[PDB]
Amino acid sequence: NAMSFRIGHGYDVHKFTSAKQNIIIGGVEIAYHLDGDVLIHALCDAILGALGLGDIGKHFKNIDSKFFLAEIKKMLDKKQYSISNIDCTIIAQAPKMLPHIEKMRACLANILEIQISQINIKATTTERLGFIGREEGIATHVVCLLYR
């Protein structure tokens, strides 16, 4: 017989939220900001993308994003596709990703039950240009290849 391959692509952006002092109003103290895991998000998007399932939005807060990834792993099995490989590009002026990347790979390879060598995570910069260069936020691109 023959086999089937499918590509997904996720893209996500996270805006940094500056922490600023809590304020009192009408005598009550309100902590504020002025959550989302950008990579796992783009990754879920890529996988549902490859499957013609739309995005994470079609299927669904403060729960560890790892959970969602685990639900996507199940949806993946029900559709009877496997991961061939995953490639990730984190785009950030900062923080510095390099120290944490292998941890990310092990973490996700585990949840997804593939080999570390089947999921690549690299980080680049915009060279201080655009909203990412000004450190207003970060983005990630994910591509996945699925097989049956």
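Counting begins at 1, following the sequence as shown.
Gap check for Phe67 to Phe68: zero deposited residues are absent from the model. The entry models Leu34 and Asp35 with a gap of 4 to 9 deposited residues left without coordinates. According to the PDB record, 2-10 carries the higher mean C-alpha B-factor of the two stretches 137-145 and 2-10.
Between 113-121 and 35-43, it is 35-43 that carries the larger average Cα temperature factor according to the deposited entry.
Among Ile90, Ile63, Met104, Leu51, the highest C-alpha B-factor in the deposited entry belongs to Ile63.
In the PDB entry, a CA B factor belonging to the highest third of its chain's modelled residues is recorded for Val28.
When the modelled residues of the chain are ordered by C-alpha B-factor, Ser82 sits in the middle third.
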